[PDB]
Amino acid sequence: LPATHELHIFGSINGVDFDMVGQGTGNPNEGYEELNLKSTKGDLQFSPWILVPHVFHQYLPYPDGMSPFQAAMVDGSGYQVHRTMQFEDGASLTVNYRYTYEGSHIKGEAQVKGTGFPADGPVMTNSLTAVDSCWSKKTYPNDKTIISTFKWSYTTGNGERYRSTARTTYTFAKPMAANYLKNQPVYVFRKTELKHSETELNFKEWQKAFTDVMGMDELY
């Protein structure tokens, strides 16, 4: 179970290179995590909001014990993550995650590639103001894979929603225990907070999983 983490998040938005590193803590019994990120290449020339929710499900417990994300970390086996975001304006963003566990400390490597953002849109003009809390639906297509789907929205400087759909594929090196497979789908609620400058992000995230729940399809 983890207490501390660090993130190296890097890549390009519309070919604009960015690199950010920082340290964080959390409570893996309550699904809380905190992160400070600093630009290693000066002022971000795009909305810092575009890095949310991408800026550690090792912090997410399940109702009656560890999440499969936690079980895989404790075992040492671990998991890789591929997220694809498809935006209402035709823009696309991909994030690849690689983790190492230097003790009870998680080291995150997040490779991001974003293309097709309109030059005068709110992402490239840094005019996004907020994000909404979000439900995700987690299914186990096989005993090695978790696919998470959610609908994501940013608020723009004009008070409109800037919408995207997301699919996250979790690939475990080692199968998930049998007693995870009997409980699907799994619905997770997440709230995030971001305080930011041009070079620094202060991120918080609260998350909670719900298992044998009826009438959650339209609601999520």
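Start at 1 with the first residue shown and count on from there.
Novice: Note how many residues of the deposited chain are left out of the model between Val55 and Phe56; the options are none, 1 to 3, 4 to 9, and 10 or more.
Specialist: Missing in between: 1 to 3 residues.
Novice: Averaged over C-alpha atoms, is the B-factor higher for 6 to 14 or for 207 to 215 in this PDB entry?
Specialist: Here the higher of the two C-alpha B-factor means belongs to 207 to 215.
Novice: Do the C-alpha atoms of 71 to 79 or of 129 to 137 have the higher average B factor in the entry?
Specialist: Looking at the record's C-alpha B-factors, the answer is 71 to 79.
Novice: Hey, out of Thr192, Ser47, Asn158, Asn27, whose CA B-factor is highest in the deposited coordinates?
Specialist: Comparing C-alpha B-factors across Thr192, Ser47, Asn158, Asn27, the top value belongs to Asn27.
Novice: Which is it among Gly90, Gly114, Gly103, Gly121: the one with the largest CA B-factor in the entry?
Specialist: That would be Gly103.
Novice: Lowest, middle or highest third: where is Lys151 by C-alpha B factor in its chain?
Specialist: Its C-alpha B-factor, which the entry lists for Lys151, ranks in the lowest third among residues of this chain.
Novice: Pull the Cα B-factor of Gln184 out of the PDB entry and bin it into the chain's lowest, middle or highest third.
Specialist: Top third by C-alpha B-factor.
Novice: Of the three thirds of its chain by CA temperature factor, lowest, middle or highest, which one includes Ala166?
Specialist: Middle third, going by the recorded CA B-factors of the chain.
Novice: Where does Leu35 sit by CA temperature factor within its chain: lowest, middle or highest third?
Specialist: For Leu35, the deposited C-alpha B-factor lands in the middle third.
Novice: Can you work out whether the C-alpha temperature factor of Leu60 puts it in the lowest, middle or highest third of the chain?
Specialist: Middle third of the chain for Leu60's C-alpha B-factor.
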